[PDB]
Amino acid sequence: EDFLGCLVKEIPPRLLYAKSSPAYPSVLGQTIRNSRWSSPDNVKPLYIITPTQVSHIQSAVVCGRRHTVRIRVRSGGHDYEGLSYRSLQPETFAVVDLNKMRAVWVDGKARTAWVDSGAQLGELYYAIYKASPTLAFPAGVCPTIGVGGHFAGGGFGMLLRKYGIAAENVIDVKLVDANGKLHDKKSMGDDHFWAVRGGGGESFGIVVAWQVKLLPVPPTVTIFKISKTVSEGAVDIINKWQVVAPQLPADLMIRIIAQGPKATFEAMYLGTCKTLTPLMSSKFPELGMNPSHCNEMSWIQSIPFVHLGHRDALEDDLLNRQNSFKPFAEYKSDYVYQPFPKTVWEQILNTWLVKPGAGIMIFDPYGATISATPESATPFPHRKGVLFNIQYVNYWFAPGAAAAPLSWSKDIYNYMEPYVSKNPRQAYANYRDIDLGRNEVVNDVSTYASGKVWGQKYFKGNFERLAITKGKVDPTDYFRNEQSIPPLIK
């Protein structure tokens, strides 16, 4: 009651929602991307606040501290476990939902932009395009991802071999800390500014907006999507790909999608068919690429084409807040440093992907720019030596049909253990997986030991520095969730 009274004093009441408010269910649901987490059995926030100004965010945080009510911040809602809007066990929290803070101001000549955290990637990309057809920003593939959680967790996509992760192309931030104080790079200092860019969402404060550098792309890029069934030699071809792809020139990224005994090789090339064709013949002739496979288009057009296969609907695909796609979904990830034996590829394609509840596997090759950054230079540690990332994705569409896919996800993770990274078994923070471990809270503070279990998987050798930084900027563990960085204090 007191917390709400505090809010009402400082924030316009139309931006405040209690469980009894008529619009609360729609506001809560508007960016829930996973039908597992929308149902009434999920733990719901006591209040939702939808700020439109940074002062609203500061007021909310100050009220939360004064009245000891914690806040989960939501930008795009894509968190794989829903931790921006639900808790795992009953507890009291408010959501600060940034969807109304969505401006993207592009300075084409300076090659910089300020992007509000509540913008979706498609809106960021589109605003860049409105400024220039030859500038880009290296972030994720799905247009509805929110900037805030994505950049906080790193963020990577079809430009990762060329320009690395989104967070290493951030040049400043505007951030509200656990005391309600407004910060930028300068006031924050090296440790906090290091941590916020890739050290995972929530833990390091609410980022209001991010300043990014914008990077050149050619006026024409080329996409291909070439599929090979096992009868067409998919096993031999993917066995070659895992060595070749991470060594290809930085201008060429060939990811793979597999969902049965067939692999689809999806390439983005920063160039034309005319130069791609001989490059493929020289470096990866096994795929059988020829000019009929080329799809030349602008960089901006590549975003809907890669994710959706659409050629013809730029604005509709990039400016989309309908939230129409809400699978029940489970996700896991792995990193690979040593090539799989051919027999493992045989089993993945012919056996694991033909089981009940089997998902899809996405393979993204590293090397080049992403792998050139030292492991400790940012919190994202999956760099030198990485051949590829694997994402294991399970979608289903009926409420009572979770058993088979959930079982498959666990079973394949067990099967893959000998072949992927170990000690620790690395995973990508933005492919959030609660089964990697969760925090224990003692005396109202997440324990260091519990955080380390999953934390070393996402952040490797960077976990301790993250936790020491957390201890400096949020010693009472105000901004937390079940898998946020615990404070390590003296």
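Residues carry their position along the shown sequence, with the first being 1.
Legend: mean Cα B-factor per stretch from the PDB entry, 156 to 164 versus 229 to 237; the higher mean is in 229 to 237.
Legend: mean Cα B-factor per stretch from the PDB entry, 409 to 417 versus 112 to 120; the higher mean is in 409 to 417. Based on the entry's C-alpha B-factors, the most elevated value among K174, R102, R72, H310 belongs to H310. Annotation for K342, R383, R86, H192: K342 ranks highest, by Cα B-factor. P475 sits in the middle third of its chain by CA B factor, as recorded in the PDB entry. Sort the modelled residues of the chain by CA B factor and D435 lands in the middle third. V95 sits in the middle third of its chain by CA B factor, as recorded in the PDB entry. When all modelled residues of the chain are sorted by CA temperature factor, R66 is found within the middle third. Among the modelled residues of its chain, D251 has a C-alpha B-factor that falls in the middle third, as given in the PDB entry.
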